[PDB]
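*Asks:* Pasting a structure here, questions to come.
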Amino acid sequence: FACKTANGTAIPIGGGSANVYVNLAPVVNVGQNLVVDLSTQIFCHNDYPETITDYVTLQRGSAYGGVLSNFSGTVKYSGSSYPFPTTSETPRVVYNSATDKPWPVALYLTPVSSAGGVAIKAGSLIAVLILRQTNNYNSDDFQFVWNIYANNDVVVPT
Ligand SMILES: COC(=O)c1cccc(-c2ccc(O[C@H]3O[C@H](CO)[C@@H](O)[C@H](O)[C@@H]3O)c(Cl)c2)c1
């Protein structure tokens, strides 16, 4: 089991870390949602699918920088919504193919009432998401750590 970003940066068998760089809606008013769809940015596959099935959770997700200070939100994982920053590990998604396929994670963030101006600075760290992978074959328990960075400013108008 291994993963990569949309630009080909890989995390190999056994886990590791990588940076993910995301475009963000540039203007989000209070009351609107900023969507950070990682399913178009992070892909994974199973390396021995005829014998092994891989099980993948979002173990935990943390907010940083302007997301931590200026937004509240949820994380949607494979169709179900949870608090973000996270308060539990999600259920499993099954990876049963050698085809790289999306990791089905998206953040839904909305500004706090006091937010205004540049609420997320371009280039800044906005989140760290831990993908946790186990299987039905051995005791493997690996983390793929995704450090999520903004490619552009997000403004909450005043
Ligand atoms: C087509 O494959 C073959 O012919 C073949 C032949 C011999 C051995 C293997 C093989 C490959 C990968 C394996 O472990 C990695 O991949 C697992 C499946 O994603 C993960 O659960 C596990 O954690 C680890 O990332 C293991 Cl244990 C065995 C494959």
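Labeling convention for the structure tokens: chains A, B, ... as they appear, residues from 1 per chain, ligands from 1 in order of appearance.
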Tell me, as a PyMOL selection string, which residues lie within 9 Å of stretch 139-144 of chain A, counting only C-alpha atoms; anything in the same chain fewer than 2 positions away does not count.
*Replies:* chain A and resi 2-3+11-18+59+129-137+146
*Asks:* Skipping near chain neighbours, those fewer than 2 positions away, what residues fall within 9 Å of stretch 75-83 of chain A using only C-alpha atoms, listed as an NGL selection string?
*Replies:* :A and (57-58 or 61 or 72-73 or 85-88 or 90-93 or 103-109)
*Asks:* With N, CA, C and O atoms retained, could you export that selection as a PDB file, in the first residue's frame?
*Replies:*
```
ATOM      1  N   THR A  57      -8.193   4.607   7.255  1.00  0.00           N
ATOM      2  CA  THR A  57      -8.997   5.566   8.005  1.00  0.00           C
ATOM      3  C   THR A  57      -8.314   6.933   7.971  1.00  0.00           C
ATOM      4  O   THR A  57      -7.129   7.070   7.670  1.00  0.00           O
ATOM      5  N   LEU A  58      -9.082   7.975   8.280  1.00  0.00           N
ATOM      6  CA  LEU A  58      -8.521   9.255   8.703  1.00  0.00           C
ATOM      7  C   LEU A  58      -8.370   9.109  10.205  1.00  0.00           C
ATOM      8  O   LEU A  58      -9.369   9.106  10.944  1.00  0.00           O
ATOM      9  N   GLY A  61      -7.081  14.566  12.215  1.00  0.00           N
ATOM     10  CA  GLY A  61      -6.845  15.731  11.407  1.00  0.00           C
ATOM     11  C   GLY A  61      -6.801  16.972  12.256  1.00  0.00           C
ATOM     12  O   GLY A  61      -7.718  17.202  13.066  1.00  0.00           O
ATOM     13  N   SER A  72     -14.426  27.308  11.418  1.00  0.00           N
ATOM     14  CA  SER A  72     -14.893  26.076  12.030  1.00  0.00           C
ATOM     15  C   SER A  72     -15.292  25.132  10.918  1.00  0.00           C
ATOM     16  O   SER A  72     -15.450  25.536   9.757  1.00  0.00           O
ATOM     17  N   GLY A  73     -15.396  23.855  11.215  1.00  0.00           N
ATOM     18  CA  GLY A  73     -15.665  23.002  10.083  1.00  0.00           C
ATOM     19  C   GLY A  73     -15.879  21.556  10.415  1.00  0.00           C
ATOM     20  O   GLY A  73     -15.949  21.137  11.570  1.00  0.00           O
ATOM     21  N   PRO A  85     -11.216  20.358  13.559  1.00  0.00           N
ATOM     22  CA  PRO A  85     -10.287  19.274  13.887  1.00  0.00           C
ATOM     23  C   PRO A  85     -10.989  18.087  14.521  1.00  0.00           C
ATOM     24  O   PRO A  85     -12.012  18.188  15.158  1.00  0.00           O
ATOM     25  N   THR A  86     -10.399  16.940  14.295  1.00  0.00           N
ATOM     26  CA  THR A  86     -11.081  15.691  14.564  1.00  0.00           C
ATOM     27  C   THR A  86     -11.081  15.359  16.041  1.00  0.00           C
ATOM     28  O   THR A  86     -10.272  15.855  16.834  1.00  0.00           O
ATOM     29  N   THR A  87     -12.061  14.532  16.406  1.00  0.00           N
ATOM     30  CA  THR A  87     -12.241  14.082  17.779  1.00  0.00           C
ATOM     31  C   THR A  87     -12.338  12.566  17.890  1.00  0.00           C
ATOM     32  O   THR A  87     -12.625  12.066  18.983  1.00  0.00           O
ATOM     33  N   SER A  88     -12.137  11.840  16.799  1.00  0.00           N
ATOM     34  CA  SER A  88     -12.170  10.385  16.787  1.00  0.00           C
ATOM     35  C   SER A  88     -11.498   9.977  15.487  1.00  0.00           C
ATOM     36  O   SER A  88     -11.196  10.838  14.654  1.00  0.00           O
ATOM     37  N   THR A  90     -11.976   7.834  12.005  1.00  0.00           N
ATOM     38  CA  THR A  90     -13.132   7.461  11.196  1.00  0.00           C
ATOM     39  C   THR A  90     -13.223   5.957  11.007  1.00  0.00           C
ATOM     40  O   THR A  90     -12.237   5.219  11.164  1.00  0.00           O
ATOM     41  N   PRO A  91     -14.352   5.478  10.487  1.00  0.00           N
ATOM     42  CA  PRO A  91     -14.408   4.119   9.940  1.00  0.00           C
ATOM     43  C   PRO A  91     -13.467   3.943   8.764  1.00  0.00           C
ATOM     44  O   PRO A  91     -12.944   4.896   8.187  1.00  0.00           O
ATOM     45  N   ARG A  92     -13.345   2.691   8.346  1.00  0.00           N
ATOM     46  CA  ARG A  92     -12.451   2.279   7.263  1.00  0.00           C
ATOM     47  C   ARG A  92     -13.057   2.447   5.880  1.00  0.00           C
ATOM     48  O   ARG A  92     -14.263   2.260   5.652  1.00  0.00           O
ATOM     49  N   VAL A  93     -12.186   2.783   4.947  1.00  0.00           N
ATOM     50  CA  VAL A  93     -12.413   2.609   3.527  1.00  0.00           C
ATOM     51  C   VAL A  93     -11.512   1.487   3.060  1.00  0.00           C
ATOM     52  O   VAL A  93     -10.367   1.396   3.487  1.00  0.00           O
ATOM     53  N   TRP A 103      -8.252   9.241  -2.196  1.00  0.00           N
ATOM     54  CA  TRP A 103      -8.547   9.174  -0.764  1.00  0.00           C
ATOM     55  C   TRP A 103      -9.716  10.096  -0.501  1.00  0.00           C
ATOM     56  O   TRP A 103      -9.592  11.311  -0.747  1.00  0.00           O
ATOM     57  N   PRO A 104     -10.880   9.584  -0.077  1.00  0.00           N
ATOM     58  CA  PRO A 104     -12.118  10.380  -0.165  1.00  0.00           C
ATOM     59  C   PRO A 104     -12.332  11.300   1.026  1.00  0.00           C
ATOM     60  O   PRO A 104     -13.251  11.107   1.854  1.00  0.00           O
ATOM     61  N   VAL A 105     -11.482  12.332   1.101  1.00  0.00           N
ATOM     62  CA  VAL A 105     -11.494  13.297   2.189  1.00  0.00           C
ATOM     63  C   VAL A 105     -11.730  14.691   1.654  1.00  0.00           C
ATOM     64  O   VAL A 105     -11.096  15.090   0.683  1.00  0.00           O
ATOM     65  N   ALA A 106     -12.591  15.452   2.308  1.00  0.00           N
ATOM     66  CA  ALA A 106     -12.757  16.862   2.004  1.00  0.00           C
ATOM     67  C   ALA A 106     -13.060  17.601   3.291  1.00  0.00           C
ATOM     68  O   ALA A 106     -13.761  17.071   4.162  1.00  0.00           O
ATOM     69  N   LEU A 107     -12.490  18.798   3.410  1.00  0.00           N
ATOM     70  CA  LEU A 107     -12.768  19.693   4.522  1.00  0.00           C
ATOM     71  C   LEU A 107     -13.835  20.680   4.093  1.00  0.00           C
ATOM     72  O   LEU A 107     -13.782  21.236   2.984  1.00  0.00           O
ATOM     73  N   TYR A 108     -14.787  20.925   4.974  1.00  0.00           N
ATOM     74  CA  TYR A 108     -15.810  21.946   4.774  1.00  0.00           C
ATOM     75  C   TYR A 108     -15.656  22.944   5.911  1.00  0.00           C
ATOM     76  O   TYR A 108     -15.946  22.631   7.075  1.00  0.00           O
ATOM     77  N   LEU A 109     -15.198  24.124   5.570  1.00  0.00           N
ATOM     78  CA  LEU A 109     -14.796  25.117   6.540  1.00  0.00           C
ATOM     79  C   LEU A 109     -15.634  26.364   6.353  1.00  0.00           C
ATOM     80  O   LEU A 109     -15.886  26.787   5.211  1.00  0.00           O
TER      81      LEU A 109
END
```
*Asks:* Looking at A:150, A:6, A:128, A:115, which one is nearest to residue A:40, with distances taken over only C-alpha atoms?
*Replies:* A:6
*Asks:* When you count only C-alpha atoms, which of these residues is closest to residue A:31: A:69, A:97, A:114, A:138?
*Replies:*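 Answer, going by the shortest atom-to-atom distance: A:114.
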*Asks:* Extract the full set of strand (DSSP E) residues from stretch 89-147 of chain A according to DSSP on the backbone, and format it as a PyMOL selection string.
*Replies:* chain A and resi 93-95+101-102+105-111+117-120+125-135+142-147
*Asks:* Going by DSSP on the backbone, which residues of stretch 57-136 of chain A come out as helix (DSSP H, G or I)? List them as an mmCIF file with N, CA, C and O atoms, in the first residue's frame.
*Replies:*
```cif
data_model
loop_
_atom_site.group_PDB
_atom_site.id
_atom_site.type_symbol
_atom_site.label_atom_id
_atom_site.label_comp_id
_atom_site.auth_asym_id
_atom_site.auth_seq_id
_atom_site.Cartn_x
_atom_site.Cartn_y
_atom_site.Cartn_z
ATOM 1 N N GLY A 65 -2.745 27.485 11.476
ATOM 2 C CA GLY A 65 -2.708 28.804 10.871
ATOM 3 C C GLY A 65 -4.067 29.429 10.822
ATOM 4 O O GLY A 65 -4.788 29.498 11.821
ATOM 5 N N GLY A 66 -4.405 29.966 9.652
ATOM 6 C CA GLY A 66 -5.645 30.683 9.504
ATOM 7 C C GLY A 66 -6.857 29.803 9.594
ATOM 8 O O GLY A 66 -7.937 30.289 9.905
ATOM 9 N N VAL A 67 -6.732 28.521 9.252
ATOM 10 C CA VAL A 67 -7.876 27.623 9.399
ATOM 11 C C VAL A 67 -8.163 27.415 10.863
ATOM 12 O O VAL A 67 -9.326 27.480 11.299
ATOM 13 N N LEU A 68 -7.110 27.243 11.658
ATOM 14 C CA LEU A 68 -7.283 27.064 13.093
ATOM 15 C C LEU A 68 -7.891 28.300 13.739
ATOM 16 O O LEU A 68 -8.752 28.188 14.617
ATOM 17 N N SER A 69 -7.467 29.478 13.328
ATOM 18 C CA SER A 69 -7.897 30.700 13.991
ATOM 19 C C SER A 69 -9.212 31.254 13.450
ATOM 20 O O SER A 69 -9.965 31.892 14.199
ATOM 21 N N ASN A 70 -9.524 31.039 12.167
ATOM 22 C CA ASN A 70 -10.576 31.808 11.504
ATOM 23 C C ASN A 70 -11.746 30.995 10.976
ATOM 24 O O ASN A 70 -12.684 31.591 10.438
#
```
*Asks:* For the atom pair atom CA of residue A:30 and atom CA of residue A:110, what is the interatomic distance in Å to one decimal place?
*Replies:* 6.9 Å
*Asks:* Counting only C-alpha atoms, figure out which residue out of A:52, A:27, A:42, A:94 gets nearest to residue A:145.
*Replies:*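 Looking at the shortest contact to residue A:145, the residue is A:42.
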*Asks:* Using only C-alpha atoms and all ligand atoms, can you tell me which of A:56, A:125, A:35, A:63 comes closest to ligand 1?
*Replies:*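 Residue with the minimum atom-to-atom distance to ligand 1: A:56.
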*Asks:* Applying 8 Å and only C-alpha atoms, which residues near residue A:44 remain after dropping the ones on its own chain fewer than 5 positions away? List them as a list in words.
*Replies:* residues 1, 2, 3, 4, 95, 99, 100, 101, 102 and 103 of chain A
*Asks:* Measuring between only C-alpha atoms and all ligand atoms, which one of A:126, A:25, A:98, A:10 shows the shortest distance to ligand 1?
*Replies:*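 Checking each candidate against ligand 1, we get A:98 as the closest.
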*Asks:* One decimal, in Å: what's the spacing between atom CA of residue A:9 and atom 5 (C, counted along the ligand's line) of ligand 1?
*Replies:* 23.1 Å
*Asks:* Could you check the closest approach to ligand 1 for each of A:147, A:5, A:39, A:53 and tell me which residue wins, using only C-alpha atoms and all ligand atoms?
*Replies:*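 Of A:147, A:5, A:39, A:53, the one nearest ligand 1 is A:53, counting only C-alpha atoms and all ligand atoms.
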